[PDB]
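The data below hold one chain only, encoded as structure tokens and taken in the form deposited in one PDB entry.
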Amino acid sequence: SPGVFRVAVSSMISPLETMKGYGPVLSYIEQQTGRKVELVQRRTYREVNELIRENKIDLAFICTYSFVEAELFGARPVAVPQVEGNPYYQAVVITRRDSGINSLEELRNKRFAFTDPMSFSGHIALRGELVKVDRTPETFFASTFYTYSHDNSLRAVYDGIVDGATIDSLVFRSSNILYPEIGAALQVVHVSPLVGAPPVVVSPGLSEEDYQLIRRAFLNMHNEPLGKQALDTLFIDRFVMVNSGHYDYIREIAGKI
């Protein structure tokens, strides 16, 4: 009798390994709710946000900028991940060490990779920064491309297809371990201000009781056997309460457009 519980995620973070990564947390949500869980994947964060707006899903793992837009149509924050190292989050701008392009400023009239249009670390951080010099990516760079992948943006800089890219600090860190030939060739030439971890949200339609039940389940996940397995599989220490202030920098550059 309980209705299906739908969880939306981006298909482009871990191609071919998304159900592999999320499977245990979907099983945890089934244990805590008694509802069958369906994983809903989309290539773009615009598509995921429209599913949230239309109440076509219950819960979504969205990126930070997606969250700023989603809150304005009544998406409610559940919790934020705390990752091993209890890290901080920023956009890093990367070039090749051998490019002779040693600053964000020197990428004027150069080729640049973004990820998703609705990504902070993959797009909006750079668009926001360029307002300071009365420019947009289109009027600052020779050309831009949306790769829809932090890893593919990284690869495009490595292969000399673009001169620079903006990507997630955590993805750069993780990629430098996995791919050391690529790591060795790349340099961070600019870092953005710090912002909060990407929040988990529920759709505006979900009941107050369902919201409270799911929030409790996330905030208590690290104390449950199935929850610990879910956290280990996503390489997350635990989920903690959202601090709205952590996204105020994103809200401010969003307003300057």
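From 1 onward, residues are counted along the sequence shown. Basically, rigid core = biggest C-alpha set you can superpose within 1.5 Å across the two forms.
Mean C-alpha B-factor is higher over 79-87 than over the other stretch, the pair under comparison being 79-87 and 146-154. Of the two stretches examined, 218-226 and 186-194, the record assigns the greater average C-alpha temperature factor to 218-226. Between the residues 162, 130, 167, 72, it is 72 that shows the highest Cα B-factor in the PDB record. For residue 248, the recorded CA B-factor ranks within the lowest third of the chain. Only modelled residues enter the ranking. Among the modelled residues of the chain, residue 203 sits in the lowest third by CA temperature factor in this PDB entry. Looking at the C-alpha B-factors along this chain, the one for residue 61 belongs to the lowest third. In the deposited entry, the Cα temperature factor of residue 122 sits in the bottom third of values across the chain's modelled residues. Sort the modelled residues of the chain by CA B factor and residue 109 lands in the middle third.
Just so it is clear, the following notes concern the form deposited in another entry, a form of the same protein that is not shown.
Superposition of the core reveals a Cα shift of less than 2 Å for residue 44 between this form and the one not shown. After superposing the rigid core, the C-alpha of residue 190 moves by less than 2 Å between this form and the one not shown. After superposition on the rigid core, the Cα of residue 159 moves by less than 2 Å between this form and the one not shown. With a change of no less than 3 Å, the CA-CA distance between residue 159 and residue 18 is smaller in the other form than in the form shown.
Note: the CA-CA distance for residue 167 and residue 15 expands in the other form relative to this form, by 3 angstroms or more.
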